[PDB]
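A.B. asks: Just need the structure, nothing else, for what follows:
(chains A, B and C)
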Amino acid sequence: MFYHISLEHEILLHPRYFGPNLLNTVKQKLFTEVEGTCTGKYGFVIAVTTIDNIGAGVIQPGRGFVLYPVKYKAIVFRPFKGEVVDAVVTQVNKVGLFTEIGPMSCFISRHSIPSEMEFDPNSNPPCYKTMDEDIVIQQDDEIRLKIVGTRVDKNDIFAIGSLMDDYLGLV
Amino acid sequence: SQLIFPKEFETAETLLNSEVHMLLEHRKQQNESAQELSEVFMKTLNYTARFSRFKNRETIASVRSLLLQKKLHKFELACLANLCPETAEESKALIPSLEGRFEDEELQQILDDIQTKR
Amino acid sequence: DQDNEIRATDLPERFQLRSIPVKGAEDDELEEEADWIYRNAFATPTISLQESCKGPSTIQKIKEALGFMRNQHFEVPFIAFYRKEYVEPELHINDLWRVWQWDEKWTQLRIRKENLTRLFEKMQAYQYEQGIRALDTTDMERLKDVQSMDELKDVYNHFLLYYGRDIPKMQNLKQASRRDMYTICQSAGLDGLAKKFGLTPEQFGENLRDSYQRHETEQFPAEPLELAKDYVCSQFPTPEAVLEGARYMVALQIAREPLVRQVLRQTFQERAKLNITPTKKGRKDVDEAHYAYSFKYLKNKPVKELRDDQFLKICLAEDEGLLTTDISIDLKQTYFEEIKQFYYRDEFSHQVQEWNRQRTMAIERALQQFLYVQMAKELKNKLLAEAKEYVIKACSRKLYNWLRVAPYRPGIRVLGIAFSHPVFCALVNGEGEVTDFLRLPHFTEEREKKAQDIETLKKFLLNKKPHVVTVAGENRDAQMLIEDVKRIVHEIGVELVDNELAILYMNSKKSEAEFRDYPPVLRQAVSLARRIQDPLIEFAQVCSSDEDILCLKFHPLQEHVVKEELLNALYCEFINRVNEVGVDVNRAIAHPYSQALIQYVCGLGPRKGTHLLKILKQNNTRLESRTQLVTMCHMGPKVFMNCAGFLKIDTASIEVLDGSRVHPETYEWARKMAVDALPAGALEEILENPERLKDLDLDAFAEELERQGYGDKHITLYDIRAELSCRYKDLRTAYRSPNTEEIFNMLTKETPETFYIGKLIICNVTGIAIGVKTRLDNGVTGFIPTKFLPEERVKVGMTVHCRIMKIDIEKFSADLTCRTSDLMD
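C.D. replies: Residues are numbered from 1 along each chain as shown, chains lettered A, B, ... in the order given. See below for the structure:
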């Protein structure tokens, strides 16, 4: 889930911004460069909470750019494997459920559900219902699930989910 | 989870999905008072507004305080306080590494404190 | 193999390929289908202004129609063309397709009601076995009374609000706690205090539907705060806390009362308004070229005031992020006031006043927090669905018009000209199998090599004899390339046939398998010749895949409508036209070019057609009779009775009636008809001559068929008479030639809306030969008037912002102004 871990970045600031407000430009380029990057080492990064210190800016020999080492506290979403997390289902397929845990898109296989529940076509809330419609999961349903396998694409991060544990159902 | 998978996140503060919401909305009302926000940040804000089971900051502070006197692992204070199991049983069915750690008696009491604070 | 199952059974193929399984009716379910389908699909005021290009008795028609589709399993064509009496006048073939579509919706609604009736039953049982909420028979009454699938959602939500939190029912994996704190307040038992408000939700719903105090508020002889002390607990310490919890309960119980939600739904349907504002991105990106200009701001636009596809565009803008929209019932006398008056006691005592204050603020929370949001979203979904249906109807009309054109009016030999600058040409057979291919690279000195190209044009026209030359309108170049051939005719007609379908044929992998060596524009010319030869055959051939048929352009917004529904509409248009024309199968058994037609015959489809053609290739024989089909091809009586009346057989290959729009089952009557022209001798009597159309006494045959045969065959007899008169008379409109507007639109690749008068446009000034002469990127001529005119003021060679003052469709005039007085306002 949502962590708060201090981490690092290196802002290569171009000599245009060497005026009275270069540190503000360092902060703005940190906000532009960091937020949204789905690094697999440190999960999603959502917002930069604070900037600890803007380090000593080393001038790159022959390049003009100044490398600024920035340490910063940022809200971080890294959903570890074996976790029970509250998704939001966005669409339903024959192969399973495509959900949104937030920043992450998630998958549930057709056998990763309890076997009592079956796909329902020709209804404009297309859904996985039980035979007696005891629990039905259409669009926009706050279902819990268990993320079992997390895998990294270095552009976005997707994990896979199952629902074979107590309570892992609609809320 | 039960055993931790990485080596670096254990000495990292864990946040609830309601601390995150109040931190993320703070960033917005900073921003339009001041560029456009990220897609990931905005849609994560929508997700954590969907599951904001504590709409007021002092409620989250009190929940974190209560779970802090309970003395359980810092991973567990956010996979309970925002998962809001209703039955001690529900809660432990959820945290495979919480069963055996804590006796049954305090489980209903703390859990009912969470469902009280919502 | 499911393919084998489809190939084997005797149902219509599209019946077996339907998502819902096909099942019969019992003339009571069938009457319910007829009446519900009529009320929901044929007489229901669309909220939007929906124009297009019936009656109460239609119910019987629908009744009759449904019978076929469900009982004798007659597909929509077989019903539409033959059993016309049971459905006509009102039910057109498109209305029969609509009846089919709404049948699949009624079936879903019964399935869900059935299961849910079942559920309410079990829940009632559990309740019995078990302050208290009773599953009275009124609940089952409403559940049975459910008509729409919106009501069936209200009833379900109602049942979930009260009795939902009962998992042990399946006992005779637990429920996750619901997000609403109504569950908490019910755990704290505030529902009793919720009951201590005057009305129960159902009585307020009755008040709403009757618009007066049919039921009366039940005041309680005490102070609400004094009742609050009885209920204060750890969960709700303050008396204000239990007060507000009870208010929340009253609000949520009013919201999920099907009577209340139903009446408020109807109010939104009648009186709801759309207010639009732009976001900051929409405050910048929105211009006059953007589709959002007409509605970037809006106020108090009633939802009934919208037009063909306005709401689809509004939702598109909102999805992109340009617009923030809201649908509200009150104007910007609010509808809440009626609600408050209905939920009010007029006694002026402080106690009654305070109880009424609590009641009205609770019902305010009901109306705002719960009801406005859900009903506005539902109305938005309905309007969006209406707009998507409008767009799909527009695409259907486009396919109709493109498919409603007759082959030829001079086997037809046609040469096709497709200019890309290497021009090519291909000559079509009398049956479509290309004879030859040839290259005529016309280019604009070399203005004498173009004369040489004209010379070889004349020589090849003298060698091969095409009845028509066809030029693919692709640029404005063909606006005069028609001149480059029409006089060569003097040494046979010229037609400008469009080539978008030809472009798809070019990029068609299937056509690439057909033509490995033929260069792109050569395959394009092939397809142009095939289209002008017969449009339906080529459309069926190239548009036999989802991506292929979808890559054409019927509407700008066609990417934003449900793809499956668009496919269904285009495919039903294909099936309509194919069955109207008919399919000559024994020609397709050798020519693959016609094979893609067969799948569009009723009963038959993508599987039965391939199996049929392969089986005929097993015998390696020719289908001379449909009796031969049923016997040798071993086709079941139902699929035979469907696809017989449409599978053409060439008589010159033996019952001649196999080449006519006369079903085998009605062969005998046809013979008797010819018999009364005075069988085997009569095979040619009217075939040779329509000697006396007044010989046949229509009414006498009709009444005779009523008395000894099967009644009401009047229009059938008329059809058989018209068919024996002329066999397989194509009703496709005779091929005209494109009007100036059509030619303008194809060559310019632009539409009367995109030819907006007032449009700020790009342009290119090439040369002046008086006023300034420029060219658009489309290649049209734009005349900057002398009245708005000096070489220095407007230079030559560059591009400049310009506004279209006047346009023309035959002159290709694109008059500019370029004056900054015009570029604003």
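
A.B. asks: give me the element residue B:64 is part of.
C.D. replies: helix B:57-70 (DSSP states H and E).

A.B. asks: distance between that helix and the chain's centre?
C.D. replies: The gap between where helix B:57-70 is centred and where its chain is centred comes out at 10 Å by CA atoms, centre = their mean, to the nearest Å.

A.B. asks: can you pull the buried residues of stretch C:186-195?
C.D. replies: For stretch C:186-195, the neighbour count (16 or more other CB atoms under 10 Å in any protein chain shown) marks C:186, C:188, C:190-191, C:193-195 as buried. In this view, the C-beta of every residue, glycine as well, is placed from N, C-alpha and C.

A.B. asks: correction: stretch A:61-70
C.D. replies: Neighbour counts over stretch A:61-70 (16+ other CB under 10 Å) mark A:66, A:68, A:70 as buried.

A.B. asks: follow-up on the earlier one: of the buried residues of stretch C:186-195, closest to residue C:618?
C.D. replies: For these, the residue nearest residue C:618 by CB to CB is residue C:186; the value is 71.3 Å.

A.B. asks: thinking again about what came up before, please see if the helix holding residue B:64 touches chain C.
C.D. replies: No. Shown here: helix B:57-70 not in contact with chain C (CB under 8 Å from any CB of the partner chain), separated by at least 13.2 Å.

A.B. asks: what about the following helix or strand past that helix and chain A, touching?
C.D. replies: With elements assigned by DSSP H and E, the helix or strand that comes after helix B:57-70 is helix B:88-94. Yes. Judged by CB under 8 Å from any CB, helix B:88-94 comes into contact with chain A through B:89-90, B:93-94.

A.B. asks: Most neighbours of all those residues, which one?
C.D. replies: With neighbours defined as other CB atoms under 10 Å in any protein chain shown, the most crowded of the residues of helix B:88-94 next to chain A is residue B:94; it has 21 neighbours.

A.B. asks: was I right about it contacting residue A:84?
C.D. replies: Yes. Here residue B:94 lies in contact with residue A:84, judged by CB atoms under 8 Å, at a distance of 5.0 Å.

A.B. asks: Up against chain A, what does chain B have?
C.D. replies: With CB under 8 Å from any CB as the criterion, chain B comes near chain A at residues B:1-2, B:4-6, B:8-9, B:12-17, B:19-20, B:23-24, B:27, B:38-41, B:43-44, B:47-48, B:50-51, B:78-79, B:82-83, B:85, B:89-90, B:93-96.

A.B. asks: at 6 Å what do you get?
C.D. replies: For chain B, the residues in contact with chain A (CB under 6 Å from any CB of the partner chain) are B:1, B:5, B:9, B:12-15, B:20, B:24, B:27, B:38, B:40-41, B:44, B:47, B:51, B:78, B:90, B:93-94.

A.B. asks: Spell out for me the ChimeraX command that would select the buried members of those.
C.D. replies: Restricted to the buried members of the residues of chain B next to chain A, where burial is judged by 16+ other CB under 10 Å, the ChimeraX selection command reads as follows:
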select /B:1,9,12,13,14,15,20,24,27,38,40,41,44,47,51,78,90,93,94
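
A.B. asks: now, among the buried residues of stretch C:186-195, which is nearest to chain B?
C.D. replies: residue C:188 (10.6 Å; CB to the nearest CB).

A.B. asks: Does the closest one touch residue C:235 like I think?
C.D. replies: Yes. Between residue C:188 and residue C:235 there is a contact under CB atoms under 6 Å: 4.7 Å.

A.B. asks: now the helices for the stretch 301-450 of chain C?
C.D. replies: In order along the chain, the stretch 301-450 of chain C carries the following helices (DSSP state H, counting those that start in this stretch): C:310-320, C:336-342, C:350-365, C:373-403, C:449-463.

A.B. asks: And residue A:40, how far from residue C:793?
C.D. replies: As defined by CB to CB, to the nearest Å, residue A:40 lies at a distance of 62 Å from residue C:793.

A.B. asks: actually residue C:300, sorry about that
C.D. replies: When distance is defined by CB to CB, residue C:300 is 47 Å away from residue C:793.

A.B. asks: How is the residue in chain C positioned nearest to chain A assigned, secondary-structure-wise?
C.D. replies: When scored by CB to the nearest CB, chain C has residue C:176 as its residue closest to chain A, at 3.4 Å. Of the three states, residue C:176 takes coil under DSSP: H, G, I helix; E, B strand; the rest coil.

A.B. asks: if you skip the residues just before and after it, what's nearest to it?
C.D. replies: When the adjacent residues along the chain are set aside, residue C:176 lies closest to residue A:171, with 3.4 Å between them (CB to CB, 6 or more residues apart in numbering or on different chains).

A.B. asks: Doesn't the one you found lie inside a helix?
C.D. replies: No. The assignment for residue A:171 by three-state DSSP gives coil, which leaves it out of any helix.

A.B. asks: burial measure for it, as a count.
C.D. replies: Residue A:171 has 15 neighbours, counted by other CB under 10 Å.

A.B. asks: quick one: it and residue A:142 touch, right?
C.D. replies: Yes. With contacts counted by CB under 6 Å, residue A:171 reaches residue A:142, the gap being 4.7 Å.

A.B. asks: picking that back up, who has more neighbours, residue C:300 and residue C:793?
C.D. replies: In terms of neighbours (other CB under 10 Å), residue C:300 is the more surrounded of residue C:300 and residue C:793; the figures are 12 against 8.

A.B. asks: For residue C:813, list each beta-bridge partner.
C.D. replies: Applying DSSP bridges to residue C:813 yields these beta-bridge partners: residue C:781.

A.B. asks: name the element residue C:111 belongs to?
C.D. replies: With elements delineated by DSSP H and E, residue C:111 resides in helix C:93-129, which encompasses its position.

A.B. asks: again with residue A:128
C.D. replies: Element membership for residue A:128 (DSSP H and E) is strand A:127-130.

A.B. asks: Then residue C:552?
C.D. replies: When elements are assigned from DSSP H and E, residue C:552 belongs to no helix and no strand.

A.B. asks: distance of it from residue C:574?
C.D. replies: Here residue C:552 is placed at a distance of 13 Å from residue C:574 (CB to CB).

A.B. asks: With residue C:48 instead?
C.D. replies: Residue C:48 is 28 Å from residue C:574, where distance means CB to CB.

A.B. asks: With residue C:368 instead?
C.D. replies: When CB to CB is applied, the distance between residue C:368 and residue C:574 equals 50 Å.

A.B. asks: Those two: who's more crowded?
C.D. replies: For residue C:368 against residue C:574, the residue with the higher neighbour count under other CB under 10 Å is residue C:574, and the figures read 22 against 12.

A.B. asks: number of nearby residues for the residue lying closest to that one once chain neighbours are set aside?
C.D. replies: In space, and not counting its chain neighbours, residue C:574 is closest to residue C:600: 5.0 Å by CB to CB, 6+ apart. Neighbouring residues of residue C:600 were enumerated by other CB under 10 Å; the total is 27.
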